[PDB]
Amino acid sequence: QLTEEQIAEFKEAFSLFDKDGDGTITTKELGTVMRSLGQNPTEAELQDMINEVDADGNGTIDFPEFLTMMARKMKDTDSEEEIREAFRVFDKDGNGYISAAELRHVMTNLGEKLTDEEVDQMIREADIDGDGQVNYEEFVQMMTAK
Amino acid sequence: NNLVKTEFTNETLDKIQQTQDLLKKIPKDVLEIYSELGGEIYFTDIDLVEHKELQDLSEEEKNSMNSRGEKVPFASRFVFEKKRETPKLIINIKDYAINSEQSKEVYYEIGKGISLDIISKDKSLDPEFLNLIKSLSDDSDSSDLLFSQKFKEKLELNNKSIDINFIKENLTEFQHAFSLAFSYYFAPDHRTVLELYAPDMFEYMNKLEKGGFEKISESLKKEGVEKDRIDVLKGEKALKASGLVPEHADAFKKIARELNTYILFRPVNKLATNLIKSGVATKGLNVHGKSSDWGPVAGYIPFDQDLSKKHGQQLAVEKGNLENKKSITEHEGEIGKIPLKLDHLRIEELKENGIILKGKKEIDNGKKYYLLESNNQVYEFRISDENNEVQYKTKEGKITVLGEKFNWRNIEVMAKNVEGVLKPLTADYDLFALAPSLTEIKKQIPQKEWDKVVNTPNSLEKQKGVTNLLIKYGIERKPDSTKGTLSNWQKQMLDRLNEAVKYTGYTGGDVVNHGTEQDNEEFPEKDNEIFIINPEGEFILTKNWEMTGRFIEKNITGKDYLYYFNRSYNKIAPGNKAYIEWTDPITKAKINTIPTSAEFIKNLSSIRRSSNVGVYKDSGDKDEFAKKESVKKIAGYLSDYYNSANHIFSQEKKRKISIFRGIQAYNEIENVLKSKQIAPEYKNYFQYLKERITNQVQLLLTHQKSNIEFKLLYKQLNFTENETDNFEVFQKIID
Ligand SMILES: [Ca+2]
Ligand SMILES: [Ca+2]
Ligand SMILES: [Ca+2]
Ligand SMILES: [Mg+2]
């Protein structure tokens, strides 16, 4: 039972990528709409949902078609919040960033011995914008993105 | 703090190689003292006169005991001591001369000495016999009345047994001595002069070098913290404001330690402290009735609400009673009401507190009744003698706000079921938060899982793999049948707290019934004072919502303990529609972080619902669609910025490749901002986004090469038709 606000969004984004302005979006469009919202279904997992309601040119989904299908992978998840607290933990100093220093740190108390080498390593592969540190944003990506 | 300040590296290695030789001859601890004393040493170039940045009026020449002799000829000095709050040693050097007749450097020693003197052993810790009985060596202990090398015009007074009787009257003088025993024990030349003439000052100075210096340098260091700390009354001075029953608190003192985790409690009503040690049960989630603070019933949850704090609130009571009634209606057999029975101690307690006034007696239906008095002007109360129950009635000349008028009735209180017997209810121990040690959470995870995780080959996967584990076994909070909302460990903790105040002697169940207020996302309250029991077993209590926050940052946050804060903080708690602030690191770094695709579209959605006008309308206007088409373009760039394949590149590229992606976005925004009419509510947001982008791109630039200001770099861009070469430009733009 998505909150109304949680509804405004899906439509504010569903309709942003509804090019031909009607109210049904193409497959590739559905993939787009979602990603923008911070989700990326597999090139094949993107169909099972759109394929679960063939009452169009056996190809698109209306506003509701979508609004409703956002439960199968929605109605049960509330992790976005935990992950944000995970982040707050590593961010030992409260700068809003996660330095390799503190990565290795919290990494050890939890019982793991990381090599000064394999840390500056994670921090790197996790830093997308290249400023050497990871922010909530990139953190979020690293975490969720599978 | 760096103590040395060399201000003008003018001479070759000579001024330097001189300041060095100078300092290195001083004990590494004497400096430490100086440092801790918040001191600084100034080795400036040729700055003789009242000329250095710190040599103009402050706390200068007021009285005249100056050099090894009192001489006071300023313009001729090359060394000086800013003597008051924080010591400030200032020395300068011209050409090569400090070693032939070091009778000069000896002033850089005394001049220094005048720092430690009145703040050393001489007076810092008081002249403890150590320095007093050393001054007694005036002429009566050793066969060496050779103290002219430090005592002429102020101690030719051999005709005085110097002891407590007079040593104070001349501290400024019993320093000038400590300034020579020092200037001599370290002077690059004369050192034995001090070991020869006076046999004590030497051994003294010598034992000071043996470690006396590391002493004060440690009594000032430890006090370094204790001095400037966060004002938080500890010990029973707090355990009193706390509210907890001292026995329990102490009981808790164990767990905190065994389990190694801070425990914070919100205020526990004073008016209910003893009702607990007594044996009265505590309020759970099953009851949302209000307590009381006046009369016999005070501290209990009166079934009658007009007998609780909200005395008069025709609705807080109206909807108030409606709560107890439900409390019993739904949770029958577990929650209900029973006659009030103020025992003995309680009575003598509600005494001085002035809640009640036991007085005249009376007789009714054959039984005795001492009358219990209260200034309340609508209810009269009396306790019974056989059973000491408590009764009341709506005075013969008055009424009850709801419109009720009744004669002597028994005062029922709320009571839950404990061991099969309704027991009256009182304030419970509301945990504000629980801060377990990160390592104790480790012990929470099942050896095998955490094992099967670290083995992972992929490094970045290992991290994720772990974080979740830490989320799974330490940050996650599920709801629950009774204990409200809390984490699994949070529960185990909950028991170890209750079974801990159980072995103490409490007979009325648990005292901690639900989860931590940091999960009170619905009706979050903001208490000023928070009682905390650190892992060492030390009671503490803060005074501000700030201090609390500031305390938790210093000890819990930045110190290897897991802590999370109420998800409704900085938001608008639905239930009581409250706005309670809490420093959020993440939000700190927002100011200069480019938004995300989703964070962007999110904000669009919000405003839509706010001004019922979207960034673009569903119309035929072709400038509208432009706007739509254009946001979709930003929703792209922003989305492009945060690309996961950015790893197959190098930190160098990463910044650049993103400083552009970012810039791209900044453009289309500047673009739309200059489009057709876009509601100003949006006009502002887009305005906000700009600064973020700006800020962000600046960060990526100063991180790498410094001169290029965002505004300028922008100018030099060609966003007309071709973007291609523009990027090649950007690269050159950064060289
Ligand atoms: Ca369409
Ligand atoms: Ca940090
Ligand atoms: Ca970063
Ligand atoms: Mg409670």
# chains A, B, ... in the order shown; residues from 1 in each chain; ligands from 1
call {"tool": "residues_around", "arguments": {"residues": "range 4-11 of chain A", "least_positions_apart": "4", "cutoff": "9 Å", "atoms": "only C-alpha atoms", "output": "list in words"}}
result
residues 15, 16, 33, 34, 37, 63, 66, 67 and 70 of chain A; 601, 602, 603, 604, 605, 606, 608 and 609 of chain B
call {"tool": "interface_residues", "arguments": {"of": "chain A", "to": "chain B", "cutoff": "8 Å", "atoms": "only C-alpha atoms", "output": "ChimeraX atom specification"}}
result
/A:5,8-9,12-13,16-17,36-38,82-83,85-86,88-89,92-97,106,109-112,118,121-122,124-132,135-138,141-143
call {"tool": "residues_around", "arguments": {"residues": "range 344-361 of chain B", "least_positions_apart": "3", "cutoff": "9 Å", "atoms": "only C-alpha atoms", "output": "count of residues only"}}
result
19
call {"tool": "closest_atom_pairs", "arguments": {"of": "chain B", "to": "ligand 4", "cutoff": "8 Å", "atoms": "only C-alpha atoms and all ligand atoms", "output": "tab-separated table"}}
result
residue	atom	partner	partner_atom_place_in_ligand_line	distance
B:283	CA	ligand 4	1 (Mg)	6.1
B:284	CA	ligand 4	1 (Mg)	5.7
B:285	CA	ligand 4	1 (Mg)	6.7
B:427	CA	ligand 4	1 (Mg)	7.0
B:428	CA	ligand 4	1 (Mg)	5.4
B:429	CA	ligand 4	1 (Mg)	6.5
B:430	CA	ligand 4	1 (Mg)	5.0
B:512	CA	ligand 4	1 (Mg)	7.7
B:513	CA	ligand 4	1 (Mg)	6.9
B:514	CA	ligand 4	1 (Mg)	6.7
call {"tool": "select_by_dssp", "arguments": {"residues": "range 10-101 of chain A", "states": "alpha helix (DSSP H)", "output": "ChimeraX atom specification"}}
result
/A:10-14,27-36,45-50,63-69,80-90,100-101
call {"tool": "write_last_selection", "arguments": {"atoms": "C-alpha atoms", "output": "CSV table (one decimal), in the first residue's frame"}}
result
chain,number,residue,atom,x,y,z
A,10,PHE,CA,6.2,7.0,-9.5
A,11,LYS,CA,3.9,9.1,-11.6
A,12,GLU,CA,6.2,12.2,-11.6
A,13,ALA,CA,8.8,9.8,-13.1
A,14,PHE,CA,6.7,7.4,-15.0
A,27,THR,CA,9.5,-1.7,-22.3
A,28,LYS,CA,12.8,0.2,-22.7
A,29,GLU,CA,10.9,3.1,-21.3
A,30,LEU,CA,9.9,1.1,-18.1
A,31,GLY,CA,13.5,0.2,-17.6
A,32,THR,CA,14.4,3.9,-17.9
A,33,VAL,CA,11.6,5.1,-15.6
A,34,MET,CA,12.8,2.7,-12.9
A,35,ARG,CA,16.6,3.3,-13.1
A,36,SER,CA,16.0,7.0,-12.7
A,45,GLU,CA,13.8,-9.5,-15.2
A,46,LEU,CA,12.3,-6.3,-16.7
A,47,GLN,CA,9.9,-8.4,-18.8
A,48,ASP,CA,8.3,-10.8,-16.3
A,49,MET,CA,6.5,-7.8,-14.8
A,50,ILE,CA,5.6,-6.1,-18.0
A,63,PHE,CA,-0.1,4.5,-15.2
A,64,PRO,CA,-1.9,1.9,-13.0
A,65,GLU,CA,-0.3,-1.1,-14.7
A,66,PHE,CA,2.9,0.3,-13.2
A,67,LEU,CA,1.6,1.9,-10.1
A,68,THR,CA,0.3,-1.6,-9.2
A,69,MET,CA,3.2,-3.7,-10.3
A,80,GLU,CA,17.0,2.1,2.1
A,81,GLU,CA,17.0,3.2,5.7
A,82,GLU,CA,19.2,0.6,7.3
A,83,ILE,CA,21.8,1.1,4.7
A,84,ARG,CA,21.8,4.8,5.5
A,85,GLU,CA,22.5,3.9,9.1
A,86,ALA,CA,25.2,1.5,8.0
A,87,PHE,CA,26.8,4.4,6.3
A,88,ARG,CA,26.5,6.7,9.3
A,89,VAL,CA,28.4,4.0,11.3
A,90,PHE,CA,31.5,3.8,9.0
A,100,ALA,CA,39.6,4.4,3.7
A,101,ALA,CA,41.0,5.1,7.1
call {"tool": "residues_around", "arguments": {"residues": "residue 323 in chain B", "least_positions_apart": "2", "cutoff": "10 Å", "atoms": "only C-alpha atoms", "output": "PyMOL selection string"}}
result
chain B and resi 286-290+303+305+317-321+325-329
call {"tool": "residues_near_ligand", "arguments": {"ligand": "ligand 1", "cutoff": "6 Å", "atoms": "only C-alpha atoms and all ligand atoms", "output": "list in words"}}
result
residues 18, 19, 20, 21, 22, 23, 24 and 25 of chain A
call {"tool": "write_last_selection", "arguments": {"atoms": "N, CA, C and O atoms", "output": "CSV table (one decimal), in the first residue's frame"}}
result
chain,number,residue,atom,x,y,z
A,18,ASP,N,7.5,9.2,-20.5
A,18,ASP,CA,6.4,8.8,-21.4
A,18,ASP,C,6.5,9.8,-22.5
A,18,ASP,O,5.9,10.8,-22.5
A,19,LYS,N,7.3,9.4,-23.5
A,19,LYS,CA,7.6,10.4,-24.6
A,19,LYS,C,6.3,10.8,-25.4
A,19,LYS,O,6.0,12.0,-25.4
A,20,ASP,N,5.6,9.9,-26.0
A,20,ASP,CA,4.4,10.2,-26.8
A,20,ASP,C,3.3,10.6,-25.9
A,20,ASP,O,2.1,10.5,-26.2
A,21,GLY,N,3.6,11.2,-24.7
A,21,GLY,CA,2.6,11.7,-23.8
A,21,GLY,C,1.3,11.1,-23.6
A,21,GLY,O,0.4,11.8,-23.1
A,22,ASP,N,1.0,9.8,-23.8
A,22,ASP,CA,-0.3,9.2,-23.5
A,22,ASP,C,-0.3,8.8,-22.0
A,22,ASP,O,-0.6,9.7,-21.1
A,23,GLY,N,-0.1,7.6,-21.7
A,23,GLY,CA,-0.2,7.1,-20.4
A,23,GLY,C,0.2,5.7,-20.3
A,23,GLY,O,-0.1,5.0,-19.4
A,24,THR,N,1.0,5.2,-21.3
A,24,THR,CA,1.5,3.8,-21.3
A,24,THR,C,2.9,4.0,-21.7
A,24,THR,O,3.2,4.8,-22.6
A,25,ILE,N,3.8,3.2,-21.1
A,25,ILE,CA,5.2,3.3,-21.5
A,25,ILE,C,5.8,2.0,-22.0
A,25,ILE,O,5.4,0.9,-21.6
call {"tool": "select_by_dssp", "arguments": {"residues": "chain A", "states": "strand (DSSP E or B)", "output": "list in words"}}
result
residues 24, 25, 61, 62, 97, 98, 134 and 135 of chain A
call {"tool": "write_last_selection", "arguments": {"atoms": "N, CA, C and O atoms", "output": "CSV table (one decimal), in the first residue's frame"}}
result
chain,number,residue,atom,x,y,z
A,24,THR,N,1.0,5.2,-21.3
A,24,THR,CA,1.5,3.8,-21.3
A,24,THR,C,2.9,4.0,-21.7
A,24,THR,O,3.2,4.8,-22.6
A,25,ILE,N,3.8,3.2,-21.1
A,25,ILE,CA,5.2,3.3,-21.5
A,25,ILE,C,5.8,2.0,-22.0
A,25,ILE,O,5.4,0.9,-21.6
A,61,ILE,N,2.8,-0.6,-20.5
A,61,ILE,CA,2.0,-0.6,-19.3
A,61,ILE,C,1.5,0.8,-19.0
A,61,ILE,O,2.3,1.8,-19.1
A,62,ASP,N,0.2,0.9,-18.6
A,62,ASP,CA,-0.4,2.2,-18.3
A,62,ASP,C,0.2,2.8,-17.0
A,62,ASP,O,1.1,2.3,-16.4
A,97,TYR,N,31.4,11.6,4.8
A,97,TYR,CA,32.2,10.8,3.8
A,97,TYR,C,32.8,9.6,4.5
A,97,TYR,O,32.9,9.6,5.7
A,98,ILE,N,33.2,8.6,3.7
A,98,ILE,CA,33.8,7.5,4.4
A,98,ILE,C,35.2,7.3,3.9
A,98,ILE,O,35.4,6.8,2.8
A,134,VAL,N,34.1,7.9,-0.2
A,134,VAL,CA,32.7,7.5,-0.6
A,134,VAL,C,31.7,8.3,0.2
A,134,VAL,O,31.9,8.4,1.5
A,135,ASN,N,30.7,8.8,-0.4
A,135,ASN,CA,29.6,9.6,0.2
A,135,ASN,C,28.4,8.7,0.3
A,135,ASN,O,28.3,7.6,-0.3
call {"tool": "closest_residue", "arguments": {"among": "A:79, A:1, A:51, A:133", "to": "residue 120 in chain A", "atoms": "only C-alpha atoms"}}
result
A:133
call {"tool": "residues_around", "arguments": {"residues": "range 109-114 of chain B", "least_positions_apart": "4", "cutoff": "12 Å", "atoms": "only C-alpha atoms", "output": "NGL selection string"}}
result
:B and (22-23 or 25-27 or 30-31 or 33-34 or 39-42 or 65-69 or 77-84 or 87-91 or 102-105 or 118-120 or 122 or 150 or 171-189 or 205)
call {"tool": "decode", "arguments": {"residues": "range 540-641 of chain B", "atoms": "C-alpha atoms", "output": "compact mmCIF listing (two decimals), in the first residue's frame"}}
result
# COMPACT_ATOMS: atom_id res chain seq x y z
CA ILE B 540 26.25 10.67 33.90
CA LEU B 541 23.41 12.99 32.92
CA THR B 542 23.35 15.71 30.28
CA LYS B 543 21.53 19.06 30.44
CA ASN B 544 20.83 19.95 26.83
CA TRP B 545 19.41 18.28 23.79
CA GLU B 546 22.65 19.66 22.40
CA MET B 547 24.93 18.42 25.15
CA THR B 548 23.34 15.03 24.70
CA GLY B 549 23.98 15.20 21.02
CA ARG B 550 27.50 16.54 21.69
CA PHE B 551 28.12 13.82 24.26
CA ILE B 552 26.94 11.03 21.97
CA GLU B 553 29.15 12.37 19.17
CA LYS B 554 32.29 12.42 21.28
CA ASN B 555 31.84 9.12 23.08
CA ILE B 556 29.28 6.95 21.28
CA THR B 557 29.47 8.15 17.65
CA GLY B 558 33.17 8.76 17.13
CA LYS B 559 34.39 5.88 19.30
CA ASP B 560 33.49 2.41 17.92
CA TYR B 561 30.02 2.00 19.31
CA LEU B 562 26.94 1.36 17.23
CA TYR B 563 24.27 3.99 17.59
CA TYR B 564 21.48 5.12 15.25
CA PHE B 565 19.13 8.05 15.76
CA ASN B 566 15.35 8.29 15.58
CA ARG B 567 14.34 8.11 11.93
CA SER B 568 11.97 11.04 12.45
CA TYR B 569 14.72 13.46 13.42
CA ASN B 570 14.95 16.49 11.19
CA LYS B 571 11.66 15.32 9.66
CA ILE B 572 8.09 16.07 10.87
CA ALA B 573 7.06 13.25 13.17
CA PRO B 574 3.49 12.38 11.99
CA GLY B 575 1.90 11.50 15.32
CA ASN B 576 2.65 14.57 17.42
CA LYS B 577 3.71 16.47 14.32
CA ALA B 578 6.99 17.35 16.03
CA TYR B 579 10.22 18.67 14.59
CA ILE B 580 13.22 17.47 16.61
CA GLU B 581 16.72 18.32 15.32
CA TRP B 582 19.77 15.98 15.36
CA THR B 583 23.08 16.62 13.58
CA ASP B 584 23.07 14.40 10.49
CA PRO B 585 26.52 13.96 8.90
CA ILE B 586 25.00 13.01 5.60
CA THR B 587 22.93 16.14 5.33
CA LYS B 588 26.10 18.12 6.22
CA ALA B 589 27.79 17.03 3.00
CA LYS B 590 24.61 17.65 1.04
CA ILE B 591 25.50 21.34 0.47
CA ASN B 592 28.08 20.22 -2.02
CA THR B 593 26.92 16.99 -3.51
CA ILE B 594 25.31 16.79 -6.94
CA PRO B 595 21.74 15.41 -6.65
CA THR B 596 20.85 12.02 -7.99
CA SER B 597 18.38 11.19 -10.76
CA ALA B 598 15.92 9.95 -8.18
CA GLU B 599 16.64 12.59 -5.58
CA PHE B 600 15.82 15.04 -8.35
CA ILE B 601 12.60 13.58 -9.64
CA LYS B 602 11.67 13.17 -5.99
CA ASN B 603 11.91 16.92 -5.35
CA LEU B 604 9.92 17.59 -8.50
CA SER B 605 7.12 15.32 -7.25
CA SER B 606 7.12 17.08 -3.87
CA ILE B 607 6.65 20.61 -5.25
CA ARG B 608 4.01 19.32 -7.68
CA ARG B 609 2.00 18.19 -4.64
CA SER B 610 2.82 21.50 -2.92
CA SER B 611 1.85 24.12 -5.50
CA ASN B 612 -0.43 21.75 -7.46
CA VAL B 613 1.60 22.97 -10.49
CA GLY B 614 4.29 20.72 -12.06
CA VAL B 615 7.55 21.69 -13.85
CA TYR B 616 5.59 21.09 -16.99
CA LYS B 617 1.91 20.84 -17.74
CA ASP B 618 0.12 18.23 -19.82
CA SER B 619 -0.75 20.64 -22.62
CA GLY B 620 -0.19 21.37 -26.27
CA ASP B 621 2.27 24.23 -25.74
CA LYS B 622 5.50 23.21 -27.44
CA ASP B 623 7.57 25.16 -24.95
CA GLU B 624 6.02 23.10 -22.20
CA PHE B 625 7.22 19.86 -23.78
CA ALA B 626 10.58 21.60 -24.23
CA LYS B 627 10.72 21.98 -20.46
CA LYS B 628 9.69 18.37 -20.01
CA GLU B 629 12.24 17.23 -22.59
CA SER B 630 14.79 19.31 -20.80
CA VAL B 631 14.28 18.03 -17.26
CA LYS B 632 14.47 14.55 -18.69
CA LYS B 633 17.87 15.71 -19.93
CA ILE B 634 19.05 16.68 -16.43
CA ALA B 635 17.56 13.51 -15.01
CA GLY B 636 20.03 11.97 -17.37
CA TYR B 637 23.19 13.86 -16.68
CA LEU B 638 22.60 13.51 -12.93
CA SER B 639 22.05 9.88 -13.50
CA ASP B 640 25.22 9.71 -15.65
CA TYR B 641 27.35 11.28 -12.93
